[PDB]
Amino acid sequence: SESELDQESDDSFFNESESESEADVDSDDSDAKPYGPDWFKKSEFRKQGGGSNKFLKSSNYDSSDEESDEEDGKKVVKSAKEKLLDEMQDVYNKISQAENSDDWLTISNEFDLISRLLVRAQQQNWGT
């Protein structure tokens with residue numbers, strides 16, 4: 001059995017598909033409004049109807065409303081009574097006693113115009 005051979009042959013080798021080239025990477029970040037007007041200044045706002053209020057009350061005249069709406073008296077001692085005695089002789093005549101309990105209404109219905117001290121003598125609105 002005889003045969004022959006040869007080594008001048010090939011079937012596979014390297015081959016490139018690329019050569020001169022380049023590449024890169026990039027990134028970015030920012031913060032601002034996309035649109036819309038605005039102001040940086042702060043402030044505060046307030047108003048009122050003049051800061052006060054009026055009423056329909058008025059001075060006395062010929063028409064009236066009521067003659068009695070309270071107890072007829074309460075007694076009085078050690079007060080503005082002690083600077084009101086001896087100023088007069090007729091409407092003072094009960095004031096030197098002041099314990100009568102039931103005549104103080106009748107006198108206060110005229111003392112409104114005689115003396116504002118008599119109202120203070122019976123009421124004693126000093127803050128106690």
# chains A, B, ... in the order shown; residues from 1 in each chain; ligands from 1
>>> residues_around(residues="residue 123 in chain A", least_positions_apart="3", cutoff="10 Å", atoms="only C-alpha atoms", output="list in words")
residues 74, 76, 79, 80, 117, 118, 119, 120 and 126 of chain A
>>> write_last_selection(atoms="C-alpha atoms", output="tab-separated table (two decimals), in the first residue's frame")
chain	number	residue	atom	x	y	z
A	74	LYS	CA	-80.73	99.59	98.42
A	76	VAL	CA	-76.29	103.95	101.40
A	79	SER	CA	-69.42	107.21	100.10
A	80	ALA	CA	-69.74	110.28	97.75
A	117	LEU	CA	-72.21	112.43	92.68
A	118	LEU	CA	-75.49	111.00	94.12
A	119	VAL	CA	-75.52	108.22	91.45
A	120	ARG	CA	-71.90	107.47	92.51
A	126	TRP	CA	-64.80	102.58	92.40
>>> atom_distance(atom1="CA of residue 31 in chain A", atom2="CA of residue 43 in chain A")
26.2 Å
>>> residues_around(residues="residue 84 in chain A", least_positions_apart="3", cutoff="9 Å", atoms="only C-alpha atoms", output="PyMOL selection string")
chain A and resi 80-81+87-88+92+95+115+117-118+121
>>> residues_around(residues="residue 60 in chain A", least_positions_apart="4", cutoff="12 Å", atoms="only C-alpha atoms", output="ChimeraX atom specification")
/A:64-65,112-113
>>> atom_distance(atom1="CA of residue 102 in chain A", atom2="CA of residue 127 in chain A")
25.7 Å
>>> select_by_dssp(residues="chain A", states="alpha helix (DSSP H)", output="PyMOL selection string")
chain A and resi 104-114+116-123
>>> write_last_selection(atoms="N, CA and C atoms", output="compact mmCIF listing (two decimals), in the first residue's frame")
# COMPACT_ATOMS: atom_id res chain seq x y z
N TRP A 104 -85.23 105.97 97.55
CA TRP A 104 -84.07 106.21 96.68
C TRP A 104 -84.43 106.18 95.19
N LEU A 105 -85.41 105.38 94.75
CA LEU A 105 -85.89 105.39 93.36
C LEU A 105 -86.48 106.75 92.98
N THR A 106 -87.40 107.26 93.82
CA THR A 106 -88.10 108.54 93.62
C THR A 106 -87.12 109.71 93.53
N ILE A 107 -86.06 109.69 94.34
CA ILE A 107 -85.03 110.75 94.33
C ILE A 107 -84.05 110.61 93.16
N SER A 108 -83.68 109.39 92.78
CA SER A 108 -82.78 109.14 91.65
C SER A 108 -83.42 109.52 90.30
N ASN A 109 -84.76 109.52 90.23
CA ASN A 109 -85.51 109.97 89.06
C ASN A 109 -85.42 111.50 88.82
N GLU A 110 -84.92 112.28 89.79
CA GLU A 110 -84.59 113.71 89.60
C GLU A 110 -83.10 114.04 89.80
N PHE A 111 -82.34 113.24 90.57
CA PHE A 111 -80.92 113.50 90.83
C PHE A 111 -80.03 113.39 89.59
N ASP A 112 -80.53 112.72 88.55
CA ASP A 112 -79.97 112.66 87.20
C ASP A 112 -79.52 114.03 86.67
N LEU A 113 -80.26 115.08 87.04
CA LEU A 113 -80.07 116.47 86.62
C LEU A 113 -79.57 117.40 87.75
N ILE A 114 -79.62 116.95 89.01
CA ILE A 114 -79.15 117.70 90.19
C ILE A 114 -77.66 117.46 90.43
N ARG A 116 -74.47 114.26 89.61
CA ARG A 116 -73.86 112.98 89.21
C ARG A 116 -73.04 112.32 90.34
N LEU A 117 -72.82 113.01 91.48
CA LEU A 117 -72.21 112.43 92.68
C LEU A 117 -73.18 111.53 93.45
N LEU A 118 -74.49 111.79 93.40
CA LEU A 118 -75.49 111.00 94.12
C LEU A 118 -75.63 109.60 93.52
N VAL A 119 -75.61 109.50 92.19
CA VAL A 119 -75.52 108.22 91.45
C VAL A 119 -74.29 107.42 91.89
N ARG A 120 -73.14 108.10 92.04
CA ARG A 120 -71.90 107.47 92.51
C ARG A 120 -71.96 107.08 93.99
N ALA A 121 -72.72 107.81 94.82
CA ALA A 121 -72.86 107.54 96.25
C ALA A 121 -73.62 106.24 96.51
N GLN A 122 -74.65 105.97 95.70
CA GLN A 122 -75.44 104.74 95.80
C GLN A 122 -74.82 103.55 95.06
N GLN A 123 -74.13 103.77 93.94
CA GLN A 123 -73.60 102.70 93.08
C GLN A 123 -72.18 102.27 93.48
>>> atom_distance(atom1="CA of residue 71 in chain A", atom2="CA of residue 86 in chain A")
27.0 Å
